[PDB]
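In what follows, a single structure is set out as structure tokens and then discussed.
The figures here come from the full heavy-atom set of this structure, side chains too, leaving out hydrogens, waters and symmetry mates. Residue numbers count from 1 along this sequence. Every number for a ligand or one of its atoms is a count from 1 in the order of the listing.
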Amino acid sequence: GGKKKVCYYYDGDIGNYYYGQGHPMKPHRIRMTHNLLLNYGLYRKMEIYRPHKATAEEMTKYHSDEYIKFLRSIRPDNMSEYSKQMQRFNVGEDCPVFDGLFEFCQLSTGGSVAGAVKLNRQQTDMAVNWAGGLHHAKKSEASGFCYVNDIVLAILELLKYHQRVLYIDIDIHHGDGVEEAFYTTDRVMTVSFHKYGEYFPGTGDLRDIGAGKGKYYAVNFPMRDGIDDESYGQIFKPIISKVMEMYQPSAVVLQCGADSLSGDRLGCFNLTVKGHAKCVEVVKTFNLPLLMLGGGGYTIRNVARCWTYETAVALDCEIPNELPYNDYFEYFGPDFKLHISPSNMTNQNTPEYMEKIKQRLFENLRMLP
Ligand SMILES: O=C(CCCCCCC(=O)Nc1ccccc1)NO
Ligand SMILES: O=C1CC[C@@H](c2ccc(Cl)cc2)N1
Ligand SMILES: [Ca+2]
Ligand code: NA
Ligand SMILES: [Zn+2]
């Protein structure tokens, strides 16, 4: 289907926001990603855009006025005056108050929405916002280190020109906030692959399939610890192909959370960067307008490797395994290579389990009109 035009959204301020001592979410990982892919020369092959800061107007296309007003007001120095509101909107633990929090949301959101607009106008085939993918935020509530749901806002922008949008989520966590926003519509189908059982956020059962006009338009593939490239690859392509055949979306949003990689600090999957990136490759083959977004990812050297490689995949541009010098080179020791090895952790997802869950999801997809 040809090489695709790629537009890529980055603001160099993003890496300066800080969740606080001990918090595993490190926005600095976006700056590492950017610097690595610049040093591989990938700027030669794509348009690089600085996103606008999304306004309250943009954000309240989904989020409540009250919740957005609170995000705009709350600061480390006025927290004690906002104790009640902090509890109502679930801010102050997983989702702390930090300096510049609202500007941070504006930058994340701006990239996703700017990308969607660029796709709507047919000025690009693919838009990339690695600072996006905040799949847990809800209408009036922060969750899971997410405050504003850039994905939901980007999909609402796509729905202006697209009757049917497909969302795919390869983050190790269930994309509960996106699924919830679109649970009762058939105009967005949500497909999430995730660890399920005794794991954040606790949602995404096989049996959660949508409601009302959205019944059968939510798809959940629950997995156990230790899934590897071969097991994941054998279910992802057939599920996504069946979804494409039955749902026939005209645009796609792919959340590429890198916490499904081997060695992630919060994750317990065993995927390599090649295994993860094979998902990008599969989605690309359908030749649809594609918004690719970040997500979780807590071993930051591997997040940088993952999203650098996935940018190269979007560009159909082969890059060497030997890392080029970069500003964060020491983080990539002791090997200084792009690709990673899986661990020897046991895969708890048996072949039989994977095939059985796949067959249950195929039965649900036969129920589309
Ligand atoms: O990656 C994510 C968000 C994961 C949210 C995990 C919340 C539980 C947790 O580990 N919280 C925590 C850990 C260390 C320090 C402070 C909070 N979504 O894809
Ligand atoms: O590096 C970053 C930019 C946005 C922010 C974030 C928070 C939560 C999720 Cl799930 C994904 C991304 N971190
Ligand atoms: Ca997921
Ligand atoms: Na839906
Ligand atoms: Zn995650």
(request) Taking the six-membered ring of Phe221 (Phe, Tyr or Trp), confirm whether the NZ or CZ of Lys358 is under 6.0 Å from its centre and within 45° of its axis. (result)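 Cation-pi check for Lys358 and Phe221: fails.
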(request) Check whether any N, O or S atom of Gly257 sits under 3.0 Å from the Ca ion (ligand 3). (result)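 Checking the Ca ion (ligand 3) against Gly257, no N, O or S atom falls under 3.0 Å.
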(request) Check whether any N, O or S atom of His174 sits under 3.0 Å from the Ca ion (ligand 3). (result)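 For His174, the answer is no, given that no N, O or S atom comes within less than 3.0 Å of the Ca ion (ligand 3).
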(message) Name the residue from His136, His194, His174 that meets the ring-ring contact (aromatic ring centres under 6.0 Å, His included) definition with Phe200.
(response)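 When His136, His194, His174 are each tested with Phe200, the ring-ring contact (aromatic ring centres under 6.0 Å, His included) holds only for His136.
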(request) Starting from atom 18 (N) of ligand 1, locate the nearest protein heavy atom and write down its residue, its atom name and how far away it is, to 0.1 Å. (result)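 Its nearest protein heavy-atom neighbour is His136 NE2, 2.8 Å.
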(request) For atom 17 (C) of ligand 1, find the nearest protein heavy atom and state the residue, atom name and distance (0.1 Å precision). (result)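 Closest protein heavy atom to atom 17 (C) of ligand 1: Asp94 OD1, 3.5 Å.
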Give the name of the N/O/S atom in [X] that lies closest to the Ca ion (ligand 3).
| X | value |
| --- | --- |
| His173 | O |
| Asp171 | O |
| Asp169 | OD1 |

Please check if the side chain of [X] supplies one atom and the backbone of [Y] the other of a donor-acceptor pair under 3.5 Å.
| X | Y | answer |
| --- | --- | --- |
| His63 | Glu141 | no |
| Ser83 | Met79 | no |
| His28 | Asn16 | no |

(message) Using heavy atoms and a 4.0 Å limit, tell me yes or no: is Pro24 in contact with ligand 1?
(response)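 Flag set, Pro24 near ligand 1.
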(message) I'd like to know if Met25 contacts ligand 1, where contact means a heavy-atom distance under 4.0 Å to any ligand atom.
(response)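 Distance cut 4.0 Å: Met25 fails for ligand 1.
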Restricting to N, O or S atoms, which atom of [X] is closest to the Zn ion (ligand 5)?
| X | answer |
| --- | --- |
| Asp259 | OD2 |
| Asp171 | OD1 |
| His173 | ND1 |

(message) Using a distance threshold of 2.8 Å, state whether an N, O or S atom of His135 lies below it from the Zn ion (ligand 5).
(response)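 Checking the Zn ion (ligand 5) against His135, no N, O or S atom falls under 2.8 Å.
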(message) Within the 4.0 Å heavy-atom shell around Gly144, which atoms of ligand 1 are there?
(response)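 Close to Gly144: 3 (C), 5 (C).
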(message) Heavy atoms only, cut-off 4.0 Å: how does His135 contact ligand 1, side chain, backbone, both, or neither?
(response)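 For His135, only side-chain atoms sit under 4.0 Å from ligand 1.
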(message) Is a donor from one side chain sitting under 3.5 angstrom from an acceptor on the other, for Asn129 and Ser112?
(response)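 Short answer, yes.
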(request) State which residue, out of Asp125, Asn287, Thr124, fulfils the side-chain hydrogen bond (donor to acceptor under 3.5 Å, both in side chains) condition with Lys4. (result)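 Of the listed options, the one satisfying the test is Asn287.
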